[PDB]
Number of protein chains: 2
Amino acid sequence: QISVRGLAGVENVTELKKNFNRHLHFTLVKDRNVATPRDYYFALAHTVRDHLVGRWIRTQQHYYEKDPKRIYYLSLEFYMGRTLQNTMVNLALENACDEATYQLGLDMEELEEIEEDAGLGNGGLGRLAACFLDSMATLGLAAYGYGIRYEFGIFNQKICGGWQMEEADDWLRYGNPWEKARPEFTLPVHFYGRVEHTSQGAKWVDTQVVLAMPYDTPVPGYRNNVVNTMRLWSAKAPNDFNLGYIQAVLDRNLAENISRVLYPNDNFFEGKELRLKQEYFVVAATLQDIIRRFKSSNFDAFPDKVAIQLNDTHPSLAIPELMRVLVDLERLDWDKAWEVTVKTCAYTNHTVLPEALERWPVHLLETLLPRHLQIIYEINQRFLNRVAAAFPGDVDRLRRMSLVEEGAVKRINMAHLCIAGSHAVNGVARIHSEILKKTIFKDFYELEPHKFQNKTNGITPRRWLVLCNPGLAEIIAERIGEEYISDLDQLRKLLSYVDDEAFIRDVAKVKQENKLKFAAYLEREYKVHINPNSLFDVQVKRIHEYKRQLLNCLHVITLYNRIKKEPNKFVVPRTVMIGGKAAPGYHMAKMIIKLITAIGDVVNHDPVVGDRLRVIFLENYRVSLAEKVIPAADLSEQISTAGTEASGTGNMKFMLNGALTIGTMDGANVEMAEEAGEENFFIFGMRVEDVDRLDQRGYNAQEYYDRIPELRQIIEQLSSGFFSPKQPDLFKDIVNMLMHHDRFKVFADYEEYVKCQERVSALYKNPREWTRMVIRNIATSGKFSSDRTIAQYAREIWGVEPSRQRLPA
Amino acid sequence: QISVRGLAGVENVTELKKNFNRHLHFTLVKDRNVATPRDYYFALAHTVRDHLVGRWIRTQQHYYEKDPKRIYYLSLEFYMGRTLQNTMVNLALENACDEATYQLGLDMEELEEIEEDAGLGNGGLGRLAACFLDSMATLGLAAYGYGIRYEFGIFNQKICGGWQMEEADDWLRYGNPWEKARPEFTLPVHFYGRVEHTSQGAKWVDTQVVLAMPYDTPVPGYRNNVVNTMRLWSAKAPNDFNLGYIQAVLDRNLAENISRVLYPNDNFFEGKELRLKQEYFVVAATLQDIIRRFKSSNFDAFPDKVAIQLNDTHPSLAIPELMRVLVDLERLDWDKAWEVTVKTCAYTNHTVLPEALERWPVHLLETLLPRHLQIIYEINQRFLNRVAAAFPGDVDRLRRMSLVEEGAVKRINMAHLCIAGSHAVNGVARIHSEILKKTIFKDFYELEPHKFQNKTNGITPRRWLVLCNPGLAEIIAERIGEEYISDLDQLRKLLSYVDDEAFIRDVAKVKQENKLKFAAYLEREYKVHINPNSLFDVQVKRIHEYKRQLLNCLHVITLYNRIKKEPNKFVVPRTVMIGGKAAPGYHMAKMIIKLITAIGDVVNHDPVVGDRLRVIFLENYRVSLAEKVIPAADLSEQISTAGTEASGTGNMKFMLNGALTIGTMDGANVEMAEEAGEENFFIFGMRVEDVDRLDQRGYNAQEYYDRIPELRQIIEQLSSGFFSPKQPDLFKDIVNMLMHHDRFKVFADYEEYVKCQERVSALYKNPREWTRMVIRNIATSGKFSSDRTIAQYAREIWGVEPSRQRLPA
Ligand SMILES: O=c1cc(-c2ccc(F)cc2)oc2cc(O)cc(O)c12
Ligand SMILES: O=c1cc(-c2ccc(F)cc2)oc2cc(O)cc(O)c12
């Protein structure tokens, strides 16, 4: 059909069809008379998996022969989404499979929809890991993703009576054809026990053993024939475990609970034992595997052969674990073991919000990991000795920098552990990296300025353009070729097309087609009727106070009130779509979801409004829904309070896909506006400096309420029960937070947000100028490719050279 | 190599090799450089599975088209063992695979050893189910095995310090290539709740739902291209289940515990709730599936299209369940629903031992299955009304026959439910069936004499001859052809060879080869050194008081004492091998294992004994060990107290494989001796009538102890600590039971057992006459083919005609 989807050759097609029918018969044990669409999906998945195998075997082979430095990306989260379409894209099989399936009388797009998302992450951090794996494969790095194969990923979200309800995400019920179990590489992980000191060193004894069984998933690079590995551990009980009889067998569950379920908190730390178990489990199994590989190539060369990247502090125990192995098992002296550890490990920080910081109570570590605690204290002592020598007399510095926090309960600051034990610490956007150096890690920065770097986040243009937006991919490719898909900076060439009538027509056409398709998807799957001619105003991301969905709610209510005041006046019609999950125990986040739906109930059913204003809560926001809605968006809402959103990646996805951004100077928004030019971005609100000025004098929300009549009216509607006539006090908690306890200064930005929203509507009245600005955005979106990010990691942290050379087929 | 293993054609072999290499690459994702023997096993398993698929699809297809009466064998146990070799045998692929693997440089026999047993049963009952599936497929019956896919089968048995230790049988760790998950046929099963009565009948409401997900395993018939289905249910939680968050997900375990583990009791009832859950779970899912199939062909024709065979009372709830569906859901009147139920259901009884009888407390049924209880009471009332009309005034009869037993706790007699709700009740050997009519079911028999039948047990000559003893299979086939493998009566033709010098030579040679192979297997796997020239005296079966392993121990100790008395006298050398599992909570059974090993410690280490007497406990007796040891045996020990062993099947396996039997007139032993002639069997001990005479006057063990000096010496050795020098009182419980509380009258049979054992040794001194008697045994073993058994079931219970006609390939 379209060119970027590749060739459908006669041979190729015939072959895919034969293999499809072979899998249906032999793999699925079905004839064409009893097969369901699910069987068909499975037959196709196996057929495509077949094309990976040789490449996967050869790539792993090639790494053994060449022995390059290996990158180990340790994450508790990999937010992969669906694998089928991504695999086809990367193997150039898409058109061939479309053709092959078509000829069997099947719609490939209908089959694609049957695949469960691998929702093994919460949000930005987990998706960053996924984009990274794609880029690392595309850049020919010998890189391995290591995590946990959770039986249950992020919960499926249902709305009932406007409230979020959580359901178990049983993504493995029907089987996963993409993974290969490797039981022969099963490893023991130890817990509990106690430490004996002997003649020749400390001994960790009387432990409980859980086994870690690995599952490997192929990670194909873009058309280079590279297939890297994602290795995820599953917990299994040993067979002597517990071993009246029945109960002992049933108690095997206790041990396997470790890999059972993803904790569904985004930027929130919950200090539960099961969570620490997961953190140690992935670290212990991963490090044994790393060391085993290494010895099949003296520890002096370890950092020349191994890089370990820590995705947040979740795998911070890799630092004490590597020490434990080097010192207790391999019998290296402390100082050498330490040198090796620091040169191997690097730490990526993802947020400055205090409630996200991992601070583990000591009593927990004491019981579960007694040896690791001793090692942590030893690290703390030696670290503080270095600090005291550098800053003699500065006792306050000593307590601020300690890995151990005194207080009610003593805790370990895992972020402090990470900085101490890493040769590099990076934030995830320039402004975030600056804030790390100015504020929370200032002391660490003054001690070791060389450790601190920036690596601005990115997204893969494979999933986030070619895959989800083939029509845009194609019109770009018509003008400038296909090379940009693995070299996104090439999009700058689109700037010479900003005054091309045909290209303007194409850009707008693709946007319109995307909106029609999405509007249809809404009606089919969720019986809702949206005007496709309206401006699509979308905020999709986890529900959070800092992300300020509430600010969007205030704008929505304002438009509503303006319409009612003057019903017979023109306004640019909008569909406001808001979507995301709240963490199950985050009450405020759950109230915001309810507020959103309650506004919809009023707005969507008002006859005077008509199709001028629609408010839709998009249920079950996940990767596969992002792929649908992001291409359909006109306006991206990126409206976190300045200094709170470390980077964001949603922002970049929308820039790439032809939406304009309304946002604060926060996270990568600053770099996006810099790349596109401020005149091509809808910037509003306090800067970082403004927020600090307001904090110095104190944030009084009442001042805003007293001075802005439009705002007062909204707060009164909320309070009086305009939005909740049966429970008039439903939203008392919300009004109250906004008036008395708003950490995120919603009111402070309200006035500038509304004015800036008026400028958006004004530009939308002028399609040509809208589209011209869109082009300026897409054309400058190159920096935000994860290819750029990973090449920066490779060169400035890992000490490896990326490559775009094909392995042989 | 050998003829019964089939042709290895050039095409066949080439083809298997291609498919083997295809699976290694594509299925297992391995090159020949990294593959382990386990990978090789898996590649072969997939390759053989491929040959089943078309046949499986066509057979299921054929049953839909022809719509024959369907047989549903409901068992909580299917003791399948390994599948690979059995599949090859039934598809005639064995030599071809041997050749194909050989050419790849692999030993097929080494690969076969890597397969886990599917140990989804305890002993006789579970193995009977497996043999039946084989026969039903071989006789072209449209038959389905229905059970539970336990995650853990019968525990792996280790001996430590002579004691049994249990380990979890994690048979699914590496995957099962033989099963196909069918998630699309998932069904709800309900538990708990309460009953509302309405205008239109009773309604079971507020239930908890567990899902039943089926896994299908192919059951190939012998060379007829028939492949039937074994469908096993796995328990899965619904996704709204429990749905703070984490705990709700972790609690999904509660529901899935149902299919987690096989209860390891043989002929023992344990009234645990989890066990009742399993019983209902398999019944509820099975019946929905049966009815669904039926409606895709009015309930008047149900029994013309459906037979349900109940393997013991374990699935007795099928009777109230079928009523519940017919009455509550389908709205049939009681009497019609009942007629349908009786005409559909048939009950096989497996034992008369009182501790095996399922008697479920009412409070348990009340809570878990309140509707089923009401239906059971309704059945009871109507049944007792029929009894009162037939036997007016006989109040005692009424209480004896009640389905409900009064007492401490009220209980339901599930066996009574089965007789009431079945058109046929069979025992499992002639003498057992007679005892059912004379004793425990006399009342039921007097009411409905037409219900009571015999169906003498059998074993499949595929697994139990061709597969485990190819060398015997071959020399038989040399004289009489291959037809006997599916028509075992043909073995009678061997009687014309009883005076053939060559055939005598062959029989003895094969026995000798089997003993060499087994003796080697002992050294390799368990570092033990046995004289292959000795008589192999084997007792393999579950450890039980009724099976009288202790009687064997007494004989062993007697030979020991005789040798010591007169060291310099000739005795026929013996290896006594005893093996089997004790139920984990059966203290006595566990003490017997320890006694066995303690005798070995004394006997095997006595220099004066030499290699004249060896005592070996065979660890982890299971199906795949039976396949090795049974062909190697000279003497089969079948020595249960008369009237206790309903049938036995071990007895038949050994008769088929060239061992002579020493046994009591118990179970099928009576029919075996009748088939072979008593002169060709070593019969000893009390008959049934003798046991009854002894019970009438009282069993005084002391009388035996006082009159038999040889016996007194043994009891004194036991007591004084001859066998346990460090714990002198170790065996106090055993001496005590033997002296004061022996239900099984070990002493009563001791004297006759020893004399009869002397006759065995005497015949063994004469190889030619030994072998001639062996031939008379093999030659008359035809009746004990499960083909005979199933043809009897088909004709006299199910109302279907067996067939030996090939389906097209
Ligand atoms: O997931 C959560 C996130 C947040 C949060 C608040 C404010 C920030 F700035 C950042 C995160 O708070 C919580 C409070 C709870 O009691 C339970 C929760 O699950 C959360
Ligand atoms: O598995 C068992 C079998 C028997 C048994 C005894 C005598 C017979 F005649 C038959 C069976 O007794 C038991 C007693 C227990 O306390 C626990 C057990 O697990 C068992």
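All values below were derived from every heavy atom in this structure, side-chain atoms included, with hydrogens, water molecules and symmetry-related copies excluded. Convention: sequence-line order gives letters A, B, ...; per-chain numbering from 1. First listed ligand is number 1; within each ligand, the first listed atom is number 1.
Per-residue contacts place A:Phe744 under 4.0 angstrom from the following atoms of ligand 1 (heavy atoms of the residue considered): 9 (F). Applying the 4.0 Å criterion to heavy atoms of A:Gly585 picks out, from ligand 1, the atoms 15 (C), 16 (O), 17 (C), 18 (C), 19 (O). When each atom of ligand 1 is checked for a heavy atom of A:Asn267 under 4.0 Å away, the hits are 10 (C), 11 (C). Atoms of ligand 1 found under 4.0 Å from any heavy atom of A:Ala583 (numbered from 1 in listed order, with element): 1 (O), 19 (O).
In B:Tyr546, neither the side chain nor the backbone holds a heavy atom less than 4.0 Å from any atom of ligand 2. Neither the backbone nor the side chain of A:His587 comes within 4.0 Å of ligand 1, counting heavy atoms alone.
The protein heavy atom nearest to atom 12 (O) of ligand 1 is A:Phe268 CD1, 3.4 Å. Scanning the protein for heavy atoms near atom 6 (C) of ligand 1, the closest one is A:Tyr586 OH, 3.4 Å. Looking only at heavy atoms of the protein, atom 10 (C) of ligand 1 is closest to A:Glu355 CG, 3.2 Å.
A donor-acceptor contact shorter than 3.5 Å links the side chain of A:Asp749 to the backbone of A:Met686. In this structure a side-chain-to-backbone donor-acceptor pair under 3.5 Å is missing from A:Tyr245 to B:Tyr263.
Ion pairing between a basic and an acidic side chain is recognised when a charged N comes within 4.0 Å of a carboxylate O; A:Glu270 and A:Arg275 show no such pairing. Between B:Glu645 and B:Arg548, no side-chain nitrogen of the basic residue sits less than 4.0 Å from a carboxylate oxygen of the acidic one, so the salt-bridge criterion is not met.
Other residues, nucleotides and ligands contribute at most 12 non-hydrogen atoms within 6.0 Å of the NZ atom of B:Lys732.
Taking 4.0 Å as the cut-off, B:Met588 does not count as a neighbour of ligand 2 on heavy-atom distance. At least one heavy atom of A:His544 sits under 4.0 Å from some atom of ligand 1.
Looking at heavy atoms from C-beta onward, A:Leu274 lies in side-chain contact with B:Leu250 at the 4.5 angstrom threshold. Residues A:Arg743 and A:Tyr546 have side chains not in contact (no heavy-atom distance under 4.5 Å, counting atoms from C-beta outward).
Of the candidates B:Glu270, B:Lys590, B:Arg743, B:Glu545, B:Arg743 brings a heavy atom nearest to atom 9 (F) of ligand 2.
When the options B:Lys581, B:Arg127, B:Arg542 are evaluated for a side chain to side chain donor-acceptor pair (under 3.5 Å) with B:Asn122, the one that passes is B:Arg542.
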